[PDB]
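Taking it in order: structure first as structure tokens, then the write-up.
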Amino acid sequence: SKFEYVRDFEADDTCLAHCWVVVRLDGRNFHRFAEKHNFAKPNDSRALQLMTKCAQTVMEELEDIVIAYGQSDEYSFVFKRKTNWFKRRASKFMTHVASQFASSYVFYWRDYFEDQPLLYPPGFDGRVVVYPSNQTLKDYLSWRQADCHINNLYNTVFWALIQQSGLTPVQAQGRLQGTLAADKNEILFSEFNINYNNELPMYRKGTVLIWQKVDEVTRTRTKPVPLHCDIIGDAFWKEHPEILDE
Amino acid sequence: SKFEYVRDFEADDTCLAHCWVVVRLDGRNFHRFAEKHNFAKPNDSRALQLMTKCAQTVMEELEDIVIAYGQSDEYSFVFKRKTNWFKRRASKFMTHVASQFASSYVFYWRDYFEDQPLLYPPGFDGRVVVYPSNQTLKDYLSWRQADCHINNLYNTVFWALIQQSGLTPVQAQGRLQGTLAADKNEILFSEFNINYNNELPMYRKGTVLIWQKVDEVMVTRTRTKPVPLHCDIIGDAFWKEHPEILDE
Amino acid sequence: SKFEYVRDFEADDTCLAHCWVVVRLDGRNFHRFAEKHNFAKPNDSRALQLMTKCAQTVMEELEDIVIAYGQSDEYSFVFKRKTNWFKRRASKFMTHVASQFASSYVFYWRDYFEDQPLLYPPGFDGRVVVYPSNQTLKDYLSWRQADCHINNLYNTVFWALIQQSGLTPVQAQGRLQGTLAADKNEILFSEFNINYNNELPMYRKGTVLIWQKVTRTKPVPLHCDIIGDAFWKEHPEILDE
Amino acid sequence: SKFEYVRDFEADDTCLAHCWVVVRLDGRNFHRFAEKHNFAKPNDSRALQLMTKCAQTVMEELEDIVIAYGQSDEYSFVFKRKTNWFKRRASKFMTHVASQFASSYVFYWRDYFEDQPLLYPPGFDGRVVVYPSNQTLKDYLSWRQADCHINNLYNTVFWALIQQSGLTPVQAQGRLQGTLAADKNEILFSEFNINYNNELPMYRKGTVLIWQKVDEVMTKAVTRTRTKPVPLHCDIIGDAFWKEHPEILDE
């Protein structure tokens, strides 16, 4: 050899054993991306479904992914805490997730965007977080869902004030400053006759991805099915105890 | 809020300041990929050029990448040592490189494989390495190029024994066991009349990527772009020819 | 300034939040230390108690230490998992523990070694371990106590063959190779009339240090078993806090 | 076994190869320590010399320490960059340095503080820093020496305004607010007739510790020359010092 010594400079990044590993992907410069490709405001079904398809491909090509959660230009994957995949090297986790997701995006672009053409290949960033207890993982997922709900409740009335009322962005943002949750709900209900609760459950709750038994003559295989329910309340977790307790 | 405290569990991964950062991408299970898509043995020009184009896209979309080096199903990118991009968070470096490369691969698949169809989206893995001195970075690049040369010198005669001689893989591997460099060179030169030195410089030396000044008219308009090369990077001549890459 | 930028090269070492931190001190080259100072075989009460006194000083001068466990030439301190001391920088933990222990050793040497003179200042090494659950911390403590018991059971009969039987170390180690627990117990009971079970509780169980009320609270020592659930059911405040 | 698996939770602390390792010890709450033991202001020779002796003991009991630098209640040790001691585990470095220093302090307390009694055992904290080039290590040592010089130049005139002038600390600090280097030097030279250059070289330059060859003669008339960590009080910011001792960096 006489050159292998450089490999000694590789630092270790093994994650603490018996701990949940979480990888969060976030699109890079996706505001400009949605701008160049005429994304629908405040929500675009094509983008959300394509993100879910990429997340399913990621869950299928890798292992030990027990749950995924997605929202506009973001996704999170939770690997099981007792995993031994890649000796718990966070670098492998995040690079595999990012590369697989980014390739699947360009691959399945056409399936969901029949009319729109992809102008350029997008970029993504990732990160790894280690959580020692089940409570902290539950709280992280609840944090993501609450962020989803708040952003959707703001953007719905913001684009209702820009599109159906003809206000510049500065005008709408000055109109919404200082409003509470029920305040925005009432602005919607009384100024546009739009009930926020009637909005699609995929816009105000995000997407969850869990293994379930499908059939397709007969194809009794497991696949990552999506859901659009609340993951902050104990009901979801008491209804699926095997995901956490294993 | 009531939930943001979970963000405290994010550990720091800042790379040592004043140090070369190197990110190496490597295709995952790429043997099966080259199998399913009828890759040419021992080398396929189309695949190598597609990897080089993805690497150029990576060098253009990101910053402070001063050099890249490529080989069969792998690439390495060297960020300048005094960089401050993303506060030197290795996570950002590697995820950005991996994602950009993997998306550019699927995008530009058609440009080089006009007939061949992509069956599935490929996966890639990455890693970060910190090198404190110019000598260590030079030695890492020399290691990659020497590995390239040895693998190509082996695979050339290995596939020459299977294709042009009709030997099963076990037979070719048993015939090549114990051979040296000159041994394989002589087997090739005397049993197949193939001179290894005349082989394409992109197969036995890899690919290097450096910023150079390109002229493009339609006037003599000019701009900088990442050009490829296939020269030796182990000898000081290459570095004496481009001093701006290390001393900046 | 023009020089402060070097401070950027300090790496971060924050321990994972909501996790038990454990610092284990172990004396360096303490074989030669016990050799030059004529330590009692197989155990010396003065030395073990001095280690306990240093550990108490460490528990009092620092914070969030809920328990300590000690044995021949080693000690361990468990900081509470929800601590925020020094922003959970492991470096501060280990350097403070090591320095305080090493200073207290030389300080309180005379109290326990009135006749003996300290020949040189000893050295110590440390380390930090992060445990995510109570079960792993319990298992670590049980590991330490089992190591204590096995080492004491071996050394008792090992020095009994050297002192009361006149055998060289090689002879005793060749005689003890392959013996089980009941094997050593029977060799002791039948060759020296020494019952291992009757041995002092500080030699075959180690030492535990926990806060208790005398009127203010102070770290009292104990010599009971910490592997059995009874110990933890007797002290619920240390685990659930 | 059945319990050793917990050892898997031990994290690694390997230092970057081919890099200078630096351990800096700093006394904990040493303001209160110097207060309770009646330390001399602005500088106390006993404390500084005892710290230097502890640092020498640390340099002798451990290995691969090529240089040490000391200042008020602080010290720094530079291990050789190509070291392999303890497989470059920073924890071992820092814990060994801290424990040895803290024990040597209490041990040799009496040798330098014969009259003063040690009230309690002091505590110390440390840290590890990895430097990739010789320039960064040189700059770190120069940073420490410049900090020493600035603190001593400030404290000299500060305690001259408190002790020989009768000013409260808040008043003296408000009087010193906004003063430059030449300002403090001129206040000292013209209001107290103290020339800063005449001050002891150990106060305005710190302390350096380097291996040098010591000669020594024993009983029975035989002379033996062995290596020992000698102290110095010279400038380490100027290139002259490094040109005079090239073996410390180039090895």
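Every chain in the structure tokens takes a letter, A first, then B, and so on in the order presented; its residues are numbered from 1, and the ligands are numbered from 1 following the presented order.
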Distance query residue B:147 at most 10 Å, only C-alpha atoms, self and fewer than 6 positions along chain excluded, as a ChimeraX atom specification: /A:1,3 /B:71,141,153,204-206
Could those residues be written to a file, using N, CA, C and O atoms, as a compact mmCIF listing (two decimals), in the first residue's frame?
# COMPACT_ATOMS: atom_id res chain seq x y z
N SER A 1 0.82 -1.21 0.00
CA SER A 1 0.00 0.00 0.00
C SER A 1 0.86 1.26 0.00
O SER A 1 1.09 1.86 -1.05
N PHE A 3 0.03 4.09 1.09
CA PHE A 3 -0.83 5.26 1.01
C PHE A 3 -2.07 5.13 1.87
O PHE A 3 -2.81 6.11 2.00
N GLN B 71 -13.42 8.07 -10.49
CA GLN B 71 -13.02 6.71 -10.82
C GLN B 71 -14.30 5.89 -10.95
O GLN B 71 -15.40 6.41 -10.75
N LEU B 141 -5.04 11.83 -2.73
CA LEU B 141 -5.29 11.81 -4.17
C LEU B 141 -4.41 10.77 -4.86
O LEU B 141 -4.87 10.05 -5.76
N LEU B 153 -5.54 -2.21 -14.35
CA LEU B 153 -4.57 -3.17 -14.88
C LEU B 153 -5.00 -4.60 -14.59
O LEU B 153 -4.75 -5.50 -15.40
N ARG B 204 -7.05 4.27 -17.26
CA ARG B 204 -5.94 3.92 -16.38
C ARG B 204 -5.45 5.08 -15.53
O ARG B 204 -4.48 4.90 -14.78
N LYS B 205 -6.08 6.25 -15.61
CA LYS B 205 -5.68 7.39 -14.80
C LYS B 205 -6.83 8.05 -14.06
O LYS B 205 -6.58 8.86 -13.16
N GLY B 206 -8.08 7.73 -14.39
CA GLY B 206 -9.23 8.35 -13.77
C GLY B 206 -9.63 9.66 -14.43
O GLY B 206 -9.42 9.84 -15.63
Residues of chain C within 8 Å of chain D, only C-alpha atoms counted, as a PyMOL selection string: chain C and resi 1+3-4+6+9-11+91-92+94-96+98-107+121-131+136+139-140+142-143
Contacts of residue A:42 within 8 Å, only C-alpha atoms, excl. fewer than 4 positions in-chain, as a ChimeraX atom specification: /A:152,155-156,159
Residues within 7 Å of residue B:101, only C-alpha atoms, excluding chain neighbours under 4 positions, as a list in words: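 In the requested form, the answer reads residues 54, 55, 58, 97 and 105 of chain B.
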Pull out every residue of chain A that has at least one atom within 12 Å of chain D, counting only C-alpha atoms, and report them as a tab-separated table (two decimals) with C-alpha atoms, in the first residue's frame.
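The result, written out as out_22.tsv:
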chain	number	residue	atom	x	y	z
A	5	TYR	CA	-2.50	5.73	6.27
A	6	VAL	CA	-4.77	8.59	5.14
A	7	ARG	CA	-7.72	6.40	6.13
A	8	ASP	CA	-6.70	6.97	9.76
A	9	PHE	CA	-8.00	10.55	9.51
A	10	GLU	CA	-11.60	9.26	9.31
A	11	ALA	CA	-13.37	10.22	12.54
A	12	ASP	CA	-16.06	8.08	14.12
A	13	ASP	CA	-19.71	9.15	14.27
A	14	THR	CA	-21.39	6.11	15.82
A	15	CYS	CA	-24.76	6.96	17.35
A	16	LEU	CA	-25.44	6.15	20.99
A	17	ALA	CA	-26.76	2.60	21.31
A	18	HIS	CA	-30.36	1.92	22.38
A	19	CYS	CA	-31.47	5.30	21.01
A	87	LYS	CA	-22.90	-0.06	12.80
Counting only C-alpha atoms, chain B residues within 7 Å of chain A, as a PyMOL selection string: chain B and resi 3-4+6+9-10+91-92+94-96+98-100+102-104+106-107+121-127+129-131+136+139-140+143
Residue contacts of stretch 80-83 of chain D (8 Å, only C-alpha atoms) excluding same-chain residues fewer than 5 positions away, as a PyMOL selection string: chain D and resi 17-21+64-66+88
At most 8 Å to chain D: residues in chain B, only C-alpha atoms, as a ChimeraX atom specification: /B:18-19,132-133
At most 7 Å to chain C: residues in chain B, only C-alpha atoms, as a PyMOL selection string: chain B and resi 9+12+16-17
Keeping only N, CA, C and O atoms, take the residues you just selected and write them out as a tab-separated table (two decimals), in the first residue's frame.
chain	number	residue	atom	x	y	z
B	9	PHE	N	-31.13	18.22	21.06
B	9	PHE	CA	-30.45	16.95	20.88
B	9	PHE	C	-29.62	16.88	19.61
B	9	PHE	O	-29.03	15.83	19.32
B	12	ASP	N	-23.13	18.75	17.42
B	12	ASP	CA	-22.30	19.56	16.54
B	12	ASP	C	-21.33	18.68	15.75
B	12	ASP	O	-20.82	17.68	16.27
B	16	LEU	N	-12.62	20.81	11.67
B	16	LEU	CA	-11.50	21.59	12.18
B	16	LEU	C	-11.14	22.70	11.20
B	16	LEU	O	-11.00	22.47	10.00
B	17	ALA	N	-11.03	23.92	11.72
B	17	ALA	CA	-10.69	25.07	10.88
B	17	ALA	C	-9.30	24.91	10.27
B	17	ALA	O	-8.44	24.19	10.78
Contact set, chain C to chain A: 8 Å, only C-alpha atoms, as a ChimeraX atom specification: /C:18-19,132-133
